Amino acid sequence: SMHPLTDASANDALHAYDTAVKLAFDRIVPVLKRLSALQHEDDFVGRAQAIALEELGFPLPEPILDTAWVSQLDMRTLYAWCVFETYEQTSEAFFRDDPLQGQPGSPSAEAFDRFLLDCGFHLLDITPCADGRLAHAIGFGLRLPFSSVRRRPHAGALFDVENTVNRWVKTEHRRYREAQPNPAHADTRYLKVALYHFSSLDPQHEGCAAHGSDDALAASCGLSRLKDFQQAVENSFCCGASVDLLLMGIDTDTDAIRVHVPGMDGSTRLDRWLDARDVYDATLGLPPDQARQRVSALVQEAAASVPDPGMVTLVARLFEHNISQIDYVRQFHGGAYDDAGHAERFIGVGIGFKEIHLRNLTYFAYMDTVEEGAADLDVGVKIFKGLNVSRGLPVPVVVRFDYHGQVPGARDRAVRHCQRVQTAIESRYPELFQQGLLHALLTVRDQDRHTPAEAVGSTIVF
Amino acid sequence: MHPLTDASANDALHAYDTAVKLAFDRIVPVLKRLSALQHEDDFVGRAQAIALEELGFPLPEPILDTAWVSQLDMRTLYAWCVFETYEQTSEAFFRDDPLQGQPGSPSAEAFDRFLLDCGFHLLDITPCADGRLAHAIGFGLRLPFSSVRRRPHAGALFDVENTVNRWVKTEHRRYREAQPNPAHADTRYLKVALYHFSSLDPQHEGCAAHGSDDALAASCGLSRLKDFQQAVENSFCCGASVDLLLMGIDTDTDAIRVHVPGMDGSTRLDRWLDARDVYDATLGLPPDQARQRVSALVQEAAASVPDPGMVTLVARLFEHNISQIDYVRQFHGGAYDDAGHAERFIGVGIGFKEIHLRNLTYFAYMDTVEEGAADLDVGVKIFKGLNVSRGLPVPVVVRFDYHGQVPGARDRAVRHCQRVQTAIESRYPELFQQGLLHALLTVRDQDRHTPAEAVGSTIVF
Ligand SMILES: O=C(COP(=O)(O)O)[C@H](O)[C@H](O)COP(=O)(O)O
Ligand SMILES: O=C(COP(=O)(O)O)[C@H](O)[C@H](O)COP(=O)(O)O
Ligand SMILES: [Zn+2]
Ligand SMILES: [Zn+2]
Ligand SMILES: [Zn+2]
């Protein structure tokens, strides 16, 4: 890679990972086209199974192939099935092989938690925008181990203030009772980050659709939620409780971040920021340790007003990491992603997917209640009415809910919550359903341990 | 062949009718060939090449490129092919003038002069909208299309009040431009009502707007004619009148019959002069005499002493219709086998300037669906038997004329078309959702002689 701070080996491993997962999804349609052409031939059911097993790595539903002759092979359902099975194998390998090398207990996960405490933060809770183009922001954009971070995605970065406050009490409680992540009377803070995005190449149409592609607006709402969380904590607990804040954006064309370096008490400005492109150039010609020393100087000078020193160290580390992602896009994507808009393979709805860390793989819509999250799901369906329905393909929806395995009943409740979402989806797009253009897979994840999600129902039935 | 038949004209018109009808009827056979090929590797390539050869255009690629999922969407291709065929048909009408009767054509200039000599400064014709009469002007009466206002209506029930308004507009143009002639000149506006009947099966193949009763269709057509005249005479001072002509046509043979009127439009409903008796009466005569005998026959069939120019003009229509009688004997055995409805698409809105062939278009006049949905429902039921019976969609072409001098009239017309489309999609949601009904939106600038313009479609990509 060109920049002396860039992790060339990591760019290689990351690039192979992205390429392999995308290829698995992209070979579905060529395989299914080939199958469609065989549906009148002699041993089609047998032939199809062996073809699918050999080129997709999993079989197809026997009763679909069996019943093709009545009307025709139901490719819409087969497409959904294959997307679902590919999601499922992808997901499995994530938990089993740790492609990002960031699982709990991994060297880089423990290391980042240690560095974080060294900067005076005992938990990094980041809300990116739920835009599928930001799904790699943690693992690729900031090169952080995914298990060292609380990732809480929302459309336009509008996280839930009340639930954040509660995550803070939980965190405080484990500090008091288990000294995890650290002792309770250590001088560390909860750090809440909001991460907006924008398009340098098409600043006006390809930005954050939840804020009308107005960069200034997405940054303002993002900061406004940060400030509310901070105020909520101070007003809700005795003895000067507080949190730290960080506002950031990322360019969906180049993956370069920009940061509004705050001053000690959270003071940040919306019109001033440090851009990673600018940092990258100021250091491109230096030895690593001198480049690193310049990043700190730049972050320090860029502070809205006198900043907290740990904040400088952490923020400097994020720029150092993003530099690798900047070279990544330059070295693998001509300096600008050809898929500037939405190109996602399936819609994910419910709780953020622990295991999705790839750009443009999943259009995510958060929803804890259906009658509360329909809007974002609607934006996602209309996106896919273009990506998929226009090609004759259905809209593959993957429902997710985490649960605490160590709580009796929790798994069954989450499974029953998956089903009310499915029931709600079926009511809401009744036409798309009827026609075979919308399908749902239900999944649940024991968040109490590092284990694969598990499928617990589907709109595909035999 | 009759001594008065224009042989070569009969060939040219036949060559035209068979050409356009071939274009439309080649569609199904092509789509049948494509359907057989949709599992082959090079399907898209082979289909495009078949369509170019056969229909002369290629197909929407999205529909071919995705046939492997749903299967090949024939209903939508068929509609799209009918629309594309209509566009090529229509564009070539204005480009090539197959009838040799556009504005400024020698034929049109000749006939405009002849109408003036007969004492008439405008010829306004309402045939029943029935698809079996769309060729009445160009084939049946051999008139240049542009020398004539054609105003079709179900059962020939034209708008009395709007016709008076057309008379007013005509006089005004005589006053201000002396076009077609000075206002003081002793000419009259001529309104014609053309009803039809079936000589082979009079009980069921007649004018369905009037229950296939010949008398009712004849008498309602006259009722409108009288009412128009009475309306002019009552609404303006001084002279203020119009001339009238009630005619029918047999849809089995294309013979006309004229109720020759007295000078003041005195028309008898029970007595007519049938072109078949004219035909037989003059068949053994050399042309010069045959023309004389047609004259004396029209003179003698008048209800009371006729106007001299009316006698001349009606004699010319008989002389002209005798060729069309020979036409149907030559190329249709003396009786069309498509005795009934065999139209290739529904047309709604204003009459189609460019449509002049028998059983090509089921036309439903309407300003809005809210009115004349009855007339549209009739067509839709018919195309359930013609197209939905065999799995094909019902193709609708909406047309509105607008004055391409009024600023924004084109815009107004386009929005009028979409207003109709919404109303149609609401009237037949079952067919529309099952993809068994599609609409093409066309507007035509009626201030000059250019082709209509396609402005939207239910087929969407
Ligand atoms: O970070 C999140 C939230 O969203 P995402 O899955 O996108 O990261 C997970 O809940 C982690 O497992 C937290 O760890 P724990 O549940 O043990 O506190
Ligand atoms: O009656 C007609 C033609 O009847 P049809 O359209 O049914 O053949 C009109 O005189 C003109 O054509 C209208 O406008 P324009 O002068 O532009 O043609
Ligand atoms: Zn087949
Ligand atoms: Zn966004
Ligand atoms: Zn009729």
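When a ligand or atom number is given, it counts from 1 through the structure's own listing order. No hydrogens, no waters, no symmetry mates; every other heavy atom, side chains included, goes into these values. Note on naming: letters A, B, ... go to the chains in the order of the sequence lines (proteins, then strands), and numbering restarts at 1 for each one.
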Using a strict threshold of under 4.0 Å (side-chain N to carboxylate O), is an ion pair present between A:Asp18 and A:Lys22? yes
Can you confirm whether more than 12 heavy atoms, excluding those of B:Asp42, are under 6.0 Å from its CG atom? yes
Please table the atom pairs, donor to acceptor, closer than 3.5 Å between any side-chain atom in residues 220-229 of chain A and protein atoms at least two apart or in another chain.
{"unit_1": "A:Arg225", "atom_1": "NH1", "unit_2": "A:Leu158", "atom_2": "O", "d": "3.3"}
{"unit_1": "A:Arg225", "atom_1": "NH1", "unit_2": "A:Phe159", "atom_2": "O", "d": "2.8"}
{"unit_1": "A:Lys227", "atom_1": "NZ", "unit_2": "A:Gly266", "atom_2": "O", "d": "3.4"}

With B:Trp68 as reference, evaluate A:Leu35, A:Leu73, A:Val29 under the side chain to side chain contact (heavy atoms under 4.5 Å, CB included) test and give the passing residue. A:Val29
From the list A:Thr164, A:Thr171, A:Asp125, side chain to side chain donor-acceptor pair (under 3.5 Å) partner of A:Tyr190 resolves to A:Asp125
Which of these passes salt bridge (charged side-chain N to carboxylate O under 4.0 Å, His left out) with A:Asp402: A:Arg449, A:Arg445, A:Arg411? A:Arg445
Residue pairs, two or more places apart or on separate chains, that pass side-chain hydrogen bond (donor to acceptor under 3.5 Å, both in side chains) and touch residues 89-106 of chain A: A:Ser91-A:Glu355
Does atom CZ (A:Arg413) have a neighbourhood of more than 12 heavy atoms from anything else shown, all under 6.0 Å? no
Counting only heavy atoms from other residues, nucleotides and ligands, does the tally under 6.0 Å from CD of B:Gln434 exceed 12? yes
Check ligand 1 against the protein and report each N/O to N/O distance under 3.5 Å, formatted as atom name, atom name, distance.
{"unit_1": "ligand 1", "atom_1": "1 (O)", "unit_2": "A:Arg150", "atom_2": "NE", "d": "2.9"}
{"unit_1": "ligand 1", "atom_1": "1 (O)", "unit_2": "A:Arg151", "atom_2": "N", "d": "3.3"}
{"unit_1": "ligand 1", "atom_1": "4 (O)", "unit_2": "A:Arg151", "atom_2": "O", "d": "2.5"}
{"unit_1": "ligand 1", "atom_1": "6 (O)", "unit_2": "A:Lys354", "atom_2": "N", "d": "3.3"}
{"unit_1": "ligand 1", "atom_1": "7 (O)", "unit_2": "A:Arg151", "atom_2": "O", "d": "3.4"}
{"unit_1": "ligand 1", "atom_1": "7 (O)", "unit_2": "A:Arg151", "atom_2": "NE", "d": "3.2"}
{"unit_1": "ligand 1", "atom_1": "10 (O)", "unit_2": "A:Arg150", "atom_2": "NH2", "d": "2.9"}
{"unit_1": "ligand 1", "atom_1": "12 (O)", "unit_2": "A:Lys354", "atom_2": "NZ", "d": "2.7"}
{"unit_1": "ligand 1", "atom_1": "12 (O)", "unit_2": "A:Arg445", "atom_2": "NH2", "d": "3.4"}

Strictly under 2.8 Å, how many protein N, O or S atoms lie near the Zn ion (ligand 3)? Waters don't count. 2
With a cut-off of 2.8 Å, does any N, O or S atom of A:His197 fall short of it relative to the Zn ion (ligand 4)? yes
Do A:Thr188 and A:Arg175 make a side-chain contact, defined as non-hydrogen atoms from C-beta onward lying under 4.5 Å apart? yes
